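Just one chain is shown here, as structure tokens, and it is the form deposited in one PDB entry.
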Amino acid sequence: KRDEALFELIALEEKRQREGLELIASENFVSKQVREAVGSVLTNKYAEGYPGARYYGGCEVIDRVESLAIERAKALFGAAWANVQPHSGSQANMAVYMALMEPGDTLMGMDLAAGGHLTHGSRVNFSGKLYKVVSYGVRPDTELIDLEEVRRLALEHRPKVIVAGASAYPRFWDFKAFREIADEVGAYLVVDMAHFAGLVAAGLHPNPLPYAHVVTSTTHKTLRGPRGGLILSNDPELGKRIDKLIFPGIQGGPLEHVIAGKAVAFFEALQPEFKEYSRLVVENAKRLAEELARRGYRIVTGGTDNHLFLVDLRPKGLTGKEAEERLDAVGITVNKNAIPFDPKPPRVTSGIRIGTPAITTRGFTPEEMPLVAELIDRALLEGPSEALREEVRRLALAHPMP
């Protein structure tokens, strides 16, 4: 018997994805071959351990798959060591923190309200439960990280680990300065590149590998791979320590079908086509930010260096929650996001976050960003209408999904 109730929902989700504009910055659409690998029989194999050093028979082919994912990751990112087993970006961070720190040690990371991730020290996350947390944010007058304040905080608190990277920070990172600061206090520098890993792979974002002691990431988001995690380093001895925390430390059997999907995603990113895709992501984001500024919004930090930007909605008197709702009503998905020193509480906010990776995967190009900006503005100014929902639906449908 086919599970028809479940597959009816999958068909509805396929239709939903085709018929709207996905502007949430973390999203992307994986290729059919990434899906083919993830849906493979490799899920059937228990393969605890590492290639050639497994706790089960029968892993000869799985070992070739996992080694292929590892070697491609090292080639793609210019790394000396990789671990491709983390089930998610959160598990990548967890293994690294547990390899470098004991509970009670001090972790330094970007404040959630300023753009940091839950795993960078939030009190409701294991990162802020197991470790003492020092957070850094952005300057009120620049909207940017203040390296002098990062350094001041690190000297005062002597973190064991400093995390650079974020989920909602629209500019480049000074990885060299972060490593200088970590060196001054004897901390490890961990770079969580999840959001911008595709741009690093494409050479369109500074590469953190030479400066970080360890780099963590998601394989999804701008890298456009299957949902899962990744760890990289230029230090294979540190790598051996982290391998032990992934297994037997915090995971059991790895998802070898997902690892096969990671090998496919790395294959795709090693092709020259991926650099052009990534160039268009960055150009779409800059252009869309510019076109919204021309229509009367303000862009936090004035713009963006990467795939995402933050819209300050105060020129038009809207909250992030209101804007989210109005845009959802016409099939445009964004997410509310606090602006620096936001005057509104976090369930409300004064901003939204937009990213271009997903629409760029569907073939949107920079000359189409004025129209996207116009439709966003109309939704915000006019509120929802059937006509605007259908214009968005036609536009989405005209940009086929992988």
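Whichever C-alpha set is largest while still superposing within 1.5 Å between the two forms counts as the rigid core. Numbering starts at 1 and follows the sequence shown.
- Comparing the deposited coordinates for 215-223 and 286-294, the stretch with the larger average C-alpha B-factor is 286-294.
- Stretches 367-375 and 39-47 differ in mean C-alpha B factor, with the higher average recorded for 367-375.
- Reading the B-factor column for the CA atoms of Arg152, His87, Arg72, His120 in the entry, the top value corresponds to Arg152.
- For the set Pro315, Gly109, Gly203, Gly253, the PDB entry assigns the largest Cα B-factor to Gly203.
- In this PDB entry, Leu397 carries a Cα temperature factor that places it within the highest third of its chain's modelled residues.
- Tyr97 sits in the lowest third of its chain by CA B factor, as recorded in the PDB entry.
- For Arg179, the recorded CA temperature factor ranks within the middle third of the chain's modelled residues.
- When the CA B factors of the chain's modelled residues are split into thirds, the value for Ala329 lands in the highest one.
- Per the PDB record, residue ranking by Cα B-factor puts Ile359 in the middle third of the chain.
Just so you know, the form deposited in another entry exists too; it's not on screen, but the next bit is about it.
- When both forms sit on the same rigid core, the CA shifts between the shown form and the other one reach 2 angstroms or more only at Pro315 out of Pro315, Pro210, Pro103, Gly302.
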